Amino acid sequence: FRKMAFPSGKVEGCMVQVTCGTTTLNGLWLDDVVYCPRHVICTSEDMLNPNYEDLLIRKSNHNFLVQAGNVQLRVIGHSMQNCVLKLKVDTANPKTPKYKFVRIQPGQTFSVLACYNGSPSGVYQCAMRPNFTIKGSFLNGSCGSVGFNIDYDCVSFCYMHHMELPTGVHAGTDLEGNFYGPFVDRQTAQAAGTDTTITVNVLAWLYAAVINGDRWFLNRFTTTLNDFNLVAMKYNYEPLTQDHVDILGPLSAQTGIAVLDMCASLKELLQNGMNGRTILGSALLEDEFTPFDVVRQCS
Amino acid sequence: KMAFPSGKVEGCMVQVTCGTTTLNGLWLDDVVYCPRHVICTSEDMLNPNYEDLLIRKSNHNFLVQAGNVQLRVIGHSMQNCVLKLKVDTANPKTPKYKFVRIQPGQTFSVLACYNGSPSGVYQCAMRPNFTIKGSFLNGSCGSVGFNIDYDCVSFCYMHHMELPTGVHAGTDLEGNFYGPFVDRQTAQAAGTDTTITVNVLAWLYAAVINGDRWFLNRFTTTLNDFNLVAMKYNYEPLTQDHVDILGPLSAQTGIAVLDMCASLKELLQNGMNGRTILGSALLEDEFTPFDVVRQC
Ligand SMILES: *[C@@H](O)[C@H](C[C@@H]1CCNC1=O)NC(=O)[C@H](CC(C)C)NC(=O)OC[C@H]1C[C@H]2C=C[C@@H]1C2
Ligand SMILES: *[C@@H](O)[C@H](C[C@@H]1CCNC1=O)NC(=O)[C@H](CC(C)C)NC(=O)OC[C@H]1C[C@H]2C=C[C@@H]1C2
């Protein structure tokens, strides 16, 4: 199994750069609106603790330089929605895909198109950790890079990048400007909750192992969801939600292994360890492949 | 693990059908490139005589679809294991491009496609035994691998087959296989694979830059003494050019190349002792020094 990103072209066609003064970051051009992190209006010294409302009152449309490549896009209106700036422009992006804005749950994966100066650099697959950080590759200038999934022809934008935490992990918002997790866009020391293992994805990985004929860990037992959740927390695993049980439906149907039976198998692995064995050629249980990701790759 | 943005290549993918065989093609200017085994039936694939099969085909036996639009084939030729279909329409999305043949150990991005439609993108290395550890399913043939420098796409790989071990094999865009493989439906084994040493070192430097350095030691080693141990463990030899290529990473961390070689030697001989490096229980060898530097 590989970490596999979505093809990035539909998103590449929407990336622009947004500059205020000497502060440049990336923005997302869809129809006649450009979306970007609001801290573009900050001087490096204002980031220490900004008054975003006051900073924005001092700004007019003519203070924003929006460029697709080196071609300027005229700004004709501006507003702030939570931690994102919305810049109305006078041209509708002809490369606008079908799209929607979605807010993802921890454990879900998405592709990130890492951009600098409005130019795409690379694409890679990320998982939202239970503590609402992602383990990305972001350098200075990457803010406004977005995360997305593609279904049929429709791009679901789920993440916009805003900051790095002292531990090296990354934090950001949805495209309505609401942060994932307890973070704020200020240049202050912030810490994430202790992280935990994404149980639903581990289960997905065990199903993937079964599909490929690696099934020594299946046992004759089952468990209740509540008993499993209480044990899992003792091992720093996330509890399962009803939605987790449901998104494992397809893999459970494909293998004929009930979700709660697989939970009983995982519980035994947690309590007894691997006893020197491997699963899918690995002594470690993988937690960054979702049930959808497994299905994508097995077919 | 980071792939190049795939948009410039997505604009070139089309579907190619002959008989009941469908796969992907690469549409550049007015030529579509695709694996020649699209002309085969099931019976043909066992032991195909491609020159003989091809002479019995006419332009009109090839159906090329760019989305909903059929392109008319007005000519066809075969270059090694690649078929070239001339069409009456030029692709306006053709990027600036080159065809290159990559060396083992080098990396590239793969745009996996099915029925002419892009499905996913990921980074691959050309293995020393000239296989690639890909993610390719039925219908993925004609998917391509590439690198992007400035605005120029360098195509280096077209996908043709899977081996019994689950790894993959294919050609450059001149239709010559990487490795001792043939485009026939028969079980083929690869030579013994080895680990790409210069890439393991680059990845160890990456682990340090990101604050992970439990595996370091104060020891050192000569280049030849390291290479003796490397070969024993089926690692590729490290050349002086490899050492030179690692310089920037050495300077950046202040760890001399041969000091990192001494760390790797200790890892090969003692294992990781249950510990991990950048999250992995195994030494990763599909990041080049360039891949690591760019991303830092
Ligand atoms: C995008 O503008 C940038 C992205 C950062 C740069 C390094 N890697 C990233 O992910 N964000 C940025 O500089 C933000 C800006 C504020 C207004 C939110 N601040 C930031 O990333 O601060 C990083 C922290 C972590 C410790 C080191 C520096 C400070 C403290
Ligand atoms: C593309 O047409 C297809 C891609 C394969 C299909 C499964 N995964 C892949 O990478 N190639 C293909 O079917 C070739 C065709 C011949 C003429 C080269 N054959 C092939 O890949 O054989 C299937 C594998 C699976 C095991 C049985 C036969 C070999 C090993």
Side-chain angles (χ1 to χ4, degrees), chain A residues 18-20 23-27 36-45 47 49-50 52 55 83 112 114-117 133-134 136-145 160-173 179 183-192 299, chain B residues 16-18 21-25 34-42 44-45 47-48 50 53 81 110 112-115 131-143 158-171 177 181-183 185-190 296:
Chain A
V18 181
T19 297
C20 292
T23 302
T24 300
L25 41 63
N26 306 285
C36 70
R38 65 176 179 176
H39 70 259
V40 71
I41 69 182
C42 293
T43 61
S44 59
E45 190 65 21
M47 293 173 189
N49 185 359
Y52 282 111
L55 285 161
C83 300
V112 171
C115 294
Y116 300 92
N117 306 117
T133 61
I134 64 175
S137 179
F138 292 112
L139 307 176
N140 292 343
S142 61
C143 288
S145 296
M160 179 162 277
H161 182 53
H162 294 240
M163 52 173 344
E164 184 168 301
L165 295 183
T167 67
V169 301
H170 296 101
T173 67
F179 262 90
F183 310 105
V184 295
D185 51 347
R186 288 122 56 82
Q187 192 89 26
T188 191
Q190 295 170 66
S299 181
Chain B
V16 179
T17 298
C18 187
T21 306
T22 295
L23 43 61
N24 305 283
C34 72
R36 65 182 178 172
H37 73 255
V38 66
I39 69 177
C40 293
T41 70
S42 62
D44 291 329
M45 288 185 176
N47 195 343
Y50 282 108
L53 292 174
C81 300
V110 174
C113 299
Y114 299 91
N115 297 113
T131 66
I132 73 173
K133 300 173 186 299
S135 313
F136 293 112
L137 307 178
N138 294 27
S140 62
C141 287
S143 296
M158 186 170 264
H159 183 54
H160 295 245
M161 66 198 311
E162 180 164 308
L163 312 186
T165 55
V167 298
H168 297 99
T171 69
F177 266 88
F181 306 108
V182 172
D183 47 343
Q185 187 74 48
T186 68
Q188 303 175 50
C296 294

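Letters A, B, ... are given to chains in the order of the sequence lines, protein chains preceding strands, and every chain is numbered from 1. Counting starts at 1 for both ligands and their atoms, following the listed order. As a basis for the values below, the full set of heavy atoms in this structure was taken, side chains included, without hydrogen atoms, waters or symmetry mates.
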Query raised in the report: Between A:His39 and ligand 1, which residue portion shows a heavy-atom distance shorter than 4.0 Å: side chain, backbone, both, or neither?
Result: side chain
Report summary line: Per-atom filter on ligand 1: closer than 4.0 angstrom to a heavy atom of A:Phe138 are 8 (N), 10 (O)
**Report entry** Option of least heavy-atom distance to atom 15 (C) of ligand 1 (set: A:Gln187, A:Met163, A:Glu164)
**Finding:** A:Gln187
Report task. With heavy atoms under 4.0 Å as the rule, classify the contact between A:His161 and ligand 1 as side chain, backbone, both or neither. Result -> side chain
Query - Non-hydrogen side-chain atoms of B:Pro35 and B:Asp183 separated by less than 4.5 Å - result: no
Query raised in the report: Within the distance-only criterion (no hydrogens, no angle test), does the side chain of A:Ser142 pair as donor or acceptor with the backbone N or O of A:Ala114 below 3.5 angstrom?
Result: no
Report task. Please examine the side chains of B:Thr22 and B:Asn115, heavy atoms only from C-beta on, and report whether any two atoms are closer than 4.5 Å. Result -> yes
Query raised in the report: Is there a side-chain contact between B:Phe136 and B:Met161, using heavy atoms and a 4.5 Å cut-off?
Result: no
Query raised in the report: Under 4.0 angstrom from ligand 2, any heavy atom of B:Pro164?
Result: yes
Query raised in the report: Does the B:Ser143 side chain pair with the main chain of B:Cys113, one donor and one acceptor, at a distance under 3.5 Å?
Result: yes
Query raised in the report: Is there a heavy atom in A:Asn140 that sits closer than 4.0 Å to ligand 1?
Result: yes
Report summary line: The atoms of ligand 1 lying under 4.0 Å from a heavy atom of A:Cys143, numbered in the order shown, are 1 (C), 2 (O), 3 (C), 4 (C), 11 (N)
Query raised in the report: Hey, which atoms in ligand 2 end up nearer than 4.0 Å to a heavy atom of B:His168?
Result: 10 (O)
Requested in this report: For the pair B:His160 and B:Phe177, name the ring-plane relationship: parallel under 30°, tilted 30 to 60°, perpendicular over 60°.
Outcome: tilted
**Report entry** Within-4.5 Å side-chain heavy-atom neighbours: A:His161 and A:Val112
**Finding:** no
Query raised in the report: Under 3.5 Å, is there a donor-acceptor pair between the side chain of B:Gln185 and the main chain of B:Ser42?
Result: no
Query raised in the report: Any nitrogen or oxygen of B:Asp183, main chain or side chain, under 3.5 Å from a nitrogen or oxygen of ligand 2?
Result: no
Query raised in the report: Short list, please: which atoms of ligand 2 are under 4.0 Å from a heavy atom of B:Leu163?
Result: 30 (C)
Query raised in the report: Can you find an N or O of B:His160 that's nearer than 3.5 Å to an N or O of ligand 2?
Result: yes
